[PDB]
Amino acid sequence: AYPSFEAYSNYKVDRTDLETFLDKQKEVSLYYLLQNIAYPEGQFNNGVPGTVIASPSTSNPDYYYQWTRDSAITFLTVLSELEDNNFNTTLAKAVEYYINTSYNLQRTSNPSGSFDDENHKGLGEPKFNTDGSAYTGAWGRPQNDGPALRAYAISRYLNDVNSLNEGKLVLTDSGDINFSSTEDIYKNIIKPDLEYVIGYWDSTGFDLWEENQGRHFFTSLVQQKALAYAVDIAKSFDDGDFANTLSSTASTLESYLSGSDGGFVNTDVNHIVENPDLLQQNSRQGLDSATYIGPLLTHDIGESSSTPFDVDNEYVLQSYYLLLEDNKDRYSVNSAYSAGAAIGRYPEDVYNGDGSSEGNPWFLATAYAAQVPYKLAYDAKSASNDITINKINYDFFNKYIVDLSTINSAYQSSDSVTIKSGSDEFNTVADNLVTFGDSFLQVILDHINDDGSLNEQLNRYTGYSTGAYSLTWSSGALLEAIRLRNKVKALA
């Protein structure tokens, strides 16, 4: 049940009309995303401002909590909207309430620890109650992705304040508020998260799915991003030695991610092994949608981020392809899909959304799967960069994107194919990438609730939605897929 949920229902979903669907969901999913964020000017005006619920579901399952990860990812979408709107005050107030509530959560002692522990050990805590209190039940803690994603989101807000609002914050005359300046946000909210990442990146915690302990590609990747992105922020506040500490630590994490210490790049199977310790344990073979979700989050389309493992990385792209192939056989709901399909978390998954039996495809993983080919095309076209296709990825391209032999008949004799910007071959591949991306959004259209809200999961047999209702992260993932689709299609 989800008693606080309010439906929009401002249109009848037509499952035969993708273009119209995506036009309407650009607004409907934003409505549902914002509904789960507490702010005085919003629908959720009775919660502590800055609290993001993962879902209005309070039973079967009970997701009425604030997770550091979901809240940060939610705010990355809010920030994308804020940026597209040339800095909307309403949204900026929501971001600042979230920054303030994050300040309070950071200082809340919990089962992972406290703020005054070494490098703020308490910041590893995955979730809190909506009233701001510590969640004291058993849980897969700590999770070291949260502080990284939050540091990144709040850093990005500061860059936006400086670039789009002439350095001006919007809530600094409110009583509730634990900052008076951008420097206060950096020193007292961003920097503690960065100190946590510096202190704990190479320690044991749970993955983003809250289930396994050890090395995790997504976690290390979002940590590397937060550190790299904060370098210039630190420099801007005359925090130069710390800026260089961030730079060196980011470089160290980049080497970790790319080498045999991390264990993520696996040249036996030529794809990323998301959780290398589980490969060692023989419990999972390493395919995971987090492998491509992370790259998407750490290379936001405005930024031209140079951080490692963008979606063009051959190992990331092969994990994507192989998970797609797996899931097209595993889930009966996918049996008639010729192109994209409903994608889950990992092939070994047993979480059904409210217990254990068999795992399902997830709306968020499916929406992120659309973004992969959209971003390949966008990156190339927007920068006039070549598309380079490594031999590891020839099967993927030949199955879904292009007959490579029509590009270069001798492709099998080369380690790669490079397709020059502006060529007919390039336009063919870019266009075919977008068509392929669209097929994943069609899967969403096939199975979305009539009210336009997205659950956590869709049943692997029937495609009916299941698990947590109107999941904020589902809404965000779809919103970012639509934003990317529109941006790539708008390119001349």
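Note that residue numbering begins at 1 and tracks the sequence as displayed.
Legend: mean Cα B-factor per stretch from the PDB entry, 220-228 versus 134-142; the higher mean is in 134-142. Annotation for 166-174 versus 389-397: the higher mean temperature factor (C-alpha) is found in 166-174. Considering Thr182, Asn313, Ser357, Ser71 together, the PDB entry gives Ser357 the largest C-alpha B factor. Residues shown: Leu484, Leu18, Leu478, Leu471. Highest C-alpha temperature factor in the entry: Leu18.
The deposited CA B-factor of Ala250 belongs to the lowest third of values across its chain. When the modelled residues of the chain are ordered by their C-alpha B factor, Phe87 lands in the highest third. Remark: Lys381 belongs to the highest third of its chain, ranked by C-alpha B-factor as recorded. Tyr65 sits in the middle third of its chain by CA B factor, as recorded in the PDB entry.
Sort the modelled residues of the chain by CA B factor and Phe44 lands in the highest third.
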